[PDB]
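Commentary on secondary and tertiary structure
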Amino acid sequence: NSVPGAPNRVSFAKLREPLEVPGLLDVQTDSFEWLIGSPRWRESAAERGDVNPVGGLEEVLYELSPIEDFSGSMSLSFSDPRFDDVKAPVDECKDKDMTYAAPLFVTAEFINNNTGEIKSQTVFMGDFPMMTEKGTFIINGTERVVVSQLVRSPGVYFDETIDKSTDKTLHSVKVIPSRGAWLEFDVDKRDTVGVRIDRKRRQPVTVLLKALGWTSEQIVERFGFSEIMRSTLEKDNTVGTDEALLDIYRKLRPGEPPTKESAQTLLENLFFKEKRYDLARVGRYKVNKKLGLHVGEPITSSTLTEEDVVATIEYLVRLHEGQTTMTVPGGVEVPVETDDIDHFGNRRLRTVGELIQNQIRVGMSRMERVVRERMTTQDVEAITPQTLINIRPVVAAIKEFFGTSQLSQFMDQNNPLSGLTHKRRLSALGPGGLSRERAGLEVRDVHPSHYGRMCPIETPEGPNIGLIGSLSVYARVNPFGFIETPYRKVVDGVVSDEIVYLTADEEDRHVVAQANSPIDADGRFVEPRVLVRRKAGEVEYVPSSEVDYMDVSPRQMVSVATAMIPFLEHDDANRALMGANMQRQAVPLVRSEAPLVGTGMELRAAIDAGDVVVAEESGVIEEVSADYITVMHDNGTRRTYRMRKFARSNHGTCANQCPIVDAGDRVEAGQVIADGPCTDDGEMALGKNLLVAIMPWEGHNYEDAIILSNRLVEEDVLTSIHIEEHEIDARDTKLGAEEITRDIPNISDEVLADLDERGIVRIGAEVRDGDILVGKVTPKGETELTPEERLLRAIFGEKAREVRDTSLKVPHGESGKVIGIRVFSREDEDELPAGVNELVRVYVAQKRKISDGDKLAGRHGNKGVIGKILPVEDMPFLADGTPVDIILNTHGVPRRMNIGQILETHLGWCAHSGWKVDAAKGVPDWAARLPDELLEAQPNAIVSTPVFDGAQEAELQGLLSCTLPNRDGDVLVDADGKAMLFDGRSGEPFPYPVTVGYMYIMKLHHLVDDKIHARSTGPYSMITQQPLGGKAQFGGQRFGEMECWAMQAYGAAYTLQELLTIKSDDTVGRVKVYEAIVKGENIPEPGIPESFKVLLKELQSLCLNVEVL
Amino acid sequence: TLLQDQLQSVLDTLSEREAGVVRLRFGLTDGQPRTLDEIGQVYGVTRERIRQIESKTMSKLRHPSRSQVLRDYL
Amino acid sequence: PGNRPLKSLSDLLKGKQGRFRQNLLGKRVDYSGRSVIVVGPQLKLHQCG
């Protein structure tokens, strides 16, 4: 529905969602946006209530600004928070290699304090990181990608703690103010007070409490019952806040004349210093959140308060003791209890500006924390709002930040969603964040909540799962890093047709209704009783009659990627998420196809590619051609909207962007306009709805073995091309520099008879390996040779030159046609790194025509190598001739799970083949229901279904029974799954019926050349001359130690030894036997651990002398 | 040295004097070039007499089979 | 500078670079036959891809 270019992949909606697809993607941006704070977002936020939100900026400004000296006589302030505007299709930078950005102006204002005066100055600030419609930032035509680090909400937090000693429940809580130090109270073993602050032994609190002014009375009074503390007033022995205080204070420093400071100053400072003591408003906010506190209090500050301090303290006491709720004076009550890290309300998440903002923050700070410095020194008088500016270091970082911004991580432009996934991708680790070398599984741990939060399934994978992820599906997330699941907030067998974005918490209080659930068409789930998670998410049954809220659909904590394959309910999650991640590693070959089957996700998902040239106006078409297309913006109005092609990925792939229609036709904004990449008929082309079947065969689909057609070739089905950029600079240095001529020493002809006038050939030109390349050259040196030579040269007049004959030449597995020409000169002004005056970068096609053996696959994780190629003929094949797509061993699924593969595929041939319900007279019962409408399948046509919703077996099965028998109204197929092809070879019948079908799959960014290597020899650590592994190099595989042990298990000695010597780095035998070799002869028998020799020396060295004899 | 001595071999593919003649012609023999009178000095003749036969036997070897016999040494 | 303390006598076969440790470590060397694989029904012991 709601789809301009809509077809219909007819699905199986047994259900309904009034709700509809959010926009995801939005995300950050918005932030950014908000961070910015556009009168957009401004409007945005602005709407949906929202008092006085603020572009993540200001703030900045005001969180410091305005300004002033320490002399209290020069007053600066700010203003004009804002920017200018970019200067490119970005696309420009893209090509133009720089990054995309737009200038910043802002208008602070200094003011004397003496006279007090005026120094505004709408100062420029910075051209700036300018996002993308992809909501992104492709530094210098080059973007990484940032995800947010999950972050359990900071704050003073609570628990019981037992002591096997006595087992007593020394509960407690910390304090953790942003940037504010620490200080914590803790159910003492023996009486009483988990006093000490951010690591200071312990005290009698009140010494601090009283220390601020507290008659031991006042407490006991308000705090005698409240007896354990009474002990505190006991052992507290010492008195006089001050007496303490100062004494404390020593407890602080320690050792120092307790000046009144000791009596207060820093103390307050310490944590009454929003000057520096600076928790988090949201926390701040929290806080109240903690405890129905001031609450009625649109507040904001680091305003520490002994007030609440003690408050929650006696909270402690009251609890350790067991006590439900209770209301502090005024402060409405709170049911007592510890806390949790685990749950997610415990647990916010970060976001750009936020970051940024932090970054930046110090940035100014920094750069800021200077004018101060200078402010002063910067004599009064003529010292303009300018005079003292220099954000430079800011962007320096900032800018920089990206450099280092390890979390910005180059968008794997391998497929769309893949890139997506990358988007929504989410963890909580790294810079300042965790260091997996320190985190208990729990980190990875499951837990209830979780639903409607992030794909249960997917995750990292190596030592990595339970560490990272994304969102679930819908539920937006807090203006403060917390999900926003709306719900079927039910009402009296009549759910309240109503979103309710929810932070798990709260909520937690509430009643877990069930999607997939039969209402009396009214909310009135027709049963009296139901189930539902409870306090512990206690997925508990119950009488329908009682919940507050149901849900928002089925399937939600899901991921998109998650959201992708049915039969789940039959299939290994392991295997699953496996396929999940898998999913991505398709490889947009060429053909473009969609599984005739597949849910709705799909392009409606894919649309969220938001990539395809896609309508902008109900305009009629206009001129068209594969670069763009003029667009009759029917307001007269037009715009030859463009279209890209032949431009590499992060992974070597075109810019292709295939059209749709006709320069004359007529259509309307937002509707499609032209695919391109992973973009089958407006849709991730992703595989091949492909026959094949069931046998494990002649041992070739065995142990992962895999048996594969061939026609394929021919068919071509399997290829695209791939892209290196091809670079090689012209440099500058000692003996001269790095020329790029075309002349060359005793170079072959043609070898040159090929390049351009002065080096490399010309675009779209074919090659191979070795193939020389550049037109480079460099001075050689100056250190004589043997007369012998020269002489020799005199002998052959080959009057040698003297220049470091230098250039480039094609390595291995390499060919195609000329492309790149990023020949960019320093000298030609083309800014570039030192000692260089230019550089080109180039590209070449190569259509990868799919080797067998390799690996592909599709849904049901159901990965699959690519064993053998196999000619057509020679092939089991329709009794109607037509043979397989390939075949399939058995076995795994059993010990695996994923049989939908089976079903789905049944299905496959089905759809692929269509049918019609011959319900006629009446009803296929199992029919008697369901998307009726179908009734049939026009042999082969569009077919989707819901996730946790779709027809059934029997049905499905019975669907089997159903049919669109072929030409000869035939169905070699059995209402059964197993027919009986014969042999494209020997040919005869088979033993028994033949299970078979079809399956779209996908193809792999992982094969030989990805990893096709060894190494005969090459470079060698100018230090530990080991195989200098490298590009030019094959690396030359390293070796293991066990291994060695293996030897041992034999003792080939030598062998190993040898190694150690040889290929290890036997300078000699390397040379030496290398010779031998060269001379092929009873090899220079293994010598001596040489070096080892060193040792000795090495020893001696320390008076160490000794010896064997 | 495959070269080198391989040469030396070639260095014998003709006559005699022409050695120190030429070996000396760059001290090749003794590792140090010289002068027509420097060497031929020994034979007592003329820088004339020297480089005459000299470059001549060059021609000898300037000949190709004189070469390819050591050409890949190129 | 960078208060980088400095390598002592001492070190050497001391620290990870224990020429000790040294040996016991495997390493990279020439002619590294490493790649994926398949069987080859047509098989005979000794045989191989």
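Residues numbered from 1 in each chain as written, not as in the entry; some residues may be left out. Chains lettered and ligands numbered in written order. Part of a larger assembly, values for the part shown. Heavy atoms only, no water. Residues with missing side-chain atoms left out of burial classes, pairs and counts.

**Brief notes about the overall build of chain C**
Assigned secondary structure in chain C consists of one helix and zero strands. Each principal axis of the C-alpha atoms in chain C carries an extent, and together these give about 65 × 25 × 15 Å. Within the span of chain C, comprising 49 residues, buried residues form 16% of the whole. A total accessible area of about 4,400 Å² is found for chain C, and carbon and sulfur atoms account for 60% of it. (Helix = DSSP H or I, 4+ residues; strand = E, 2+ residues; numbered from the N terminus. Buried < 20%, exposed > 50% of the residue type's maximum accessible area, 1.4 Å probe, protein only. Areas by Shrake-Rupley, 256 points an atom, 1.4 Å probe, with all protein chains shown as cover.)

**Observations regarding the arrangement of the chains**
Counting contacts across all two pairs of chains found in contact, the highest total belongs to chains A and C. Here chain B and chain C are not in contact; the least distance found between their C-alpha atoms is 25 Å. (Contact = heavy atoms within 4.5 Å.)

**Overview of a nonpolar patch on the surface**
Where nonpolar side chains cluster on the molecular surface, the patch consists of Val1008 and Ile1012 of chain A together with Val36 and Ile37 of chain C and spans about 370 Å² of accessible area. Examined against the element boundaries, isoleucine 37 of chain C turns out to sit in the segment after α1 (19-23). (Patch = residues over 30% accessible without salt bridge, like charges linked within 9 Å, V, L, I, M, F, W, Y side chains within 5 Å. Salt bridge = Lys/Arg side-chain N within 4 Å of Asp/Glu carboxyl O.)

**A word on empty space enclosed by the protein**
All names here are of chain A. Of the voids in this model, the largest cavity is the one considered here, and its volume is about 200 Å³. Looking at the largest cavity, it is lined by 19 residues, and the ones nearest its centre are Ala615, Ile621, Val631, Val667 and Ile673. Listing elements by their share of the lining of the largest cavity, those giving two or more residues are β24 (620-625) and β25 (628-632). If you tally residues by element for the lining of the largest cavity, the top one is β25, at four residues. Considering only residue class, the lining of the largest cavity consists of 12 nonpolar, three polar and four charged. (1 Å grid on protein atoms, 1.4 Å probe; cavity = no way out; pocket = protein on both sides within 12 Å on 5 of 7 lines; lining within 4 Å. Points joined across faces, edges and corners; volume = space filled by probe spheres on them. Nonpolar A, V, L, I, M, F, W, Y, C, P; charged D, E, K, R; others polar.)

**Looking at the interface of chain A and chain C**
Counting from both sides, the interface comprises 26 residues of chain A and, opposite them, 15 residues of chain C. Summed over both sides, the interface between chain A and chain C buries roughly 2,000 Å², with carbon and sulfur atoms accounting for 52% of that surface. A per-residue breakdown of the area chain A buries against chain C is headed by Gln1037, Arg1038 and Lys1063 of chain A, which together make up 28% of the total. The interface formed by chain A and chain C holds zero salt bridges in total. In the side of chain A that touches chain C, the residues fall into six nonpolar, 13 polar and seven charged. (Buried area = accessible area lost by both parts, 1.4 Å probe.)

**Quick notes on the pairing of strand β32 (residues 853-857) of chain A**
Residue and element names in this part refer to chain A. For β32, the tally of buried residues reaches five of five residues, placing the bulk of the element in the interior. The side-chain alternation of β32 yields two buried faces, one formed by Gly853, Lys855 and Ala857 and the other by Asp854 and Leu856. Relative to strand β33 (residues 863-867), β32 runs antiparallel, the two being bridged by six bridges. In textbook terms, the turn of a hairpin is the stretch between consecutive antiparallel strands, and for β32 and β33 this stretch comprises five residues, one of which, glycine 861, has a positive phi near 35 degrees. (Pairing = 2+ DSSP bridges.)

**Observations regarding a positive patch on the surface**
A contiguous patch of positive charge on the surface is contributed by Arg4, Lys7, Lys14, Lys16 and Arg21 of chain C. Given a relative accessible area of 38%, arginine 21 of chain C falls into the partly exposed group. (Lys, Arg positive; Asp, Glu negative; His and termini not counted. Charge placed at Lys NZ, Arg CZ, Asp CG, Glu CD.)

**Regarding the sheet that holds strand β4 (residues 109-112) of chain A**
All names here are of chain A. Taking strand neighbours across the sheet as the criterion, the three strands line up as β1-β4-β5 in an open arrangement whose pairing is antiparallel. Each edge of the open sheet is held by one strand with a lone partner, namely β1 (74-77) and β5 (119-120). Both β4 and β5 contribute to a ladder of two bridges, which runs antiparallel. Each bridged residue has a counterpart across the sheet, and for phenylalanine 110 the counterpart in β5 is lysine 119.

**A word on the sheet that holds strand β9 (residues 158-159) of chain A**
The strand order across the open sheet formed by three strands is β9-β12-β13 (chain A), and the pairing between neighbours is antiparallel. In this open sheet, the two strands that pair with only one neighbour each are β9 and β13 (185-186) of chain A.

Any functional reading would require information that these geometric values do not contain.
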